[PDB]
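A single chain, nothing else alongside it, follows as structure tokens in the form deposited in one PDB entry.
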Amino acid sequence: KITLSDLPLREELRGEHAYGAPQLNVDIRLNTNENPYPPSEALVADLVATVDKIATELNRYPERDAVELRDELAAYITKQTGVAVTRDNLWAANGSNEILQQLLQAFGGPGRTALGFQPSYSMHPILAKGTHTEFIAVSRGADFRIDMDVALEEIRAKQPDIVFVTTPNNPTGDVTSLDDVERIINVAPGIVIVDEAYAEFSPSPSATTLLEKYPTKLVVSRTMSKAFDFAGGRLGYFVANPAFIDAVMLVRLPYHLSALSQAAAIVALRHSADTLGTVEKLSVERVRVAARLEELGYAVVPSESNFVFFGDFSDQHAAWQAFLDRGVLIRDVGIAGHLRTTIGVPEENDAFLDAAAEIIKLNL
């Protein structure tokens, strides 16, 4: 018998743990910011017909540069954000995880650093470390929003190669205004990745509007996993100056996007009008969930996303388990006193709110 210690693993990986956010198939899943609506019957029918069409070519490598997908992503972005862009501005990969991985390979890596404003996305420091990019954590303010004075101070001092700005922020829910983003971009010496995973849930404009002004610095990261109700298709993308697409083509694995993934994403995008109608339903439930939590006595952080950050427990993890014992799976992001609940369909939110009503009395 042998174990991992008997293998020539890289030393810095010793004692590490695999990213392991709970993935459980329970009845009430409010833990991964997934859109709670199953894909529409129309979408599914289209998907089934498309697979029937393209299945006979699955012996061949897919189209390497995903041109058709990128055309449709650029058409979406043009309509969605109002900024005219073409496939030359767009690059797709297997989720934002791989998008970001590729950007880190090309613009981070050994000898370089990435700066983020914590608490933010769990994956950013994980991907940074995974690409041998040093991660600098700069703390957000007491209200969980970016503290601009410290932000600009620290960027000036450290000259980071990459700066992450997540807006709306996961886990806190707040939008960093475009004027603040410009301020960040102007002190940034290398590139700035604006992670717009939740943009569709905010009325506020996309950082894509800033791309004309900062071609050499700005990349806008997006995904189909959240508002677009397609996390299982693993499709993330960025919008930037065409030079950046040339950049990532040097590091991307050839044929990194399969034929079914490209075709599935295309089908999804041509059903966007109906699907994105879920964003409106979710925003109404968010307002209701947040209101009710406040009414109960919870400290609720205002949000422009599909989730709510709320506290203040003495032990968030015990609180988290207490929700789970009542069939409600939310998220413990390892921030003292707080948990993140994803907005579900009404009946899931009712179950979460019923659990939360009972749990506040426990004083956990």
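For clarity, a rigid core is taken as the largest C-alpha set superposing within 1.5 Å between two forms. For every residue, the number given is its place in the sequence shown, counted from 1.
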As the entry reports it, the stretch among 262-270 and 180-188 with higher mean C-alpha B factor is 180-188
Stretch with higher mean Cα temperature factor, 85-93 vs 142-150, is 142-150
Per the deposited B-factor column, the C-alpha that peaks among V287, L104, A199, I155 belongs to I155
Top Cα B-factor in this entry, restricted to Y37, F313, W320, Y61, sits on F313
Binned into thirds over the chain's modelled residues, the C-alpha B-factor of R234 lands in the lowest
Here the Cα B-factor of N25, set against its chain, lands in the third termed highest
For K213, the third of its chain by CA B-factor is the highest
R222: CA temperature factor from the record, placed by chain third, in the lowest
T78: CA temperature factor from the record, placed by chain third, in the middle
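Not on display, but discussed next: the form deposited in another entry.
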Comparing between this form and the one not shown on the core: of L276, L178, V150, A231, the CA moving 2 angstroms or more sits at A231
Did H124 shift 2 Å or more between this form and the one not shown, C-alpha, core superposed = yes
Cα of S122 vs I162, shift of 3 Å or more in the other form, relative to this form: the pair sits closer
In the other form the CA atoms of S221 and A231, compared with here and shifted by at least 3 Å, lie farther
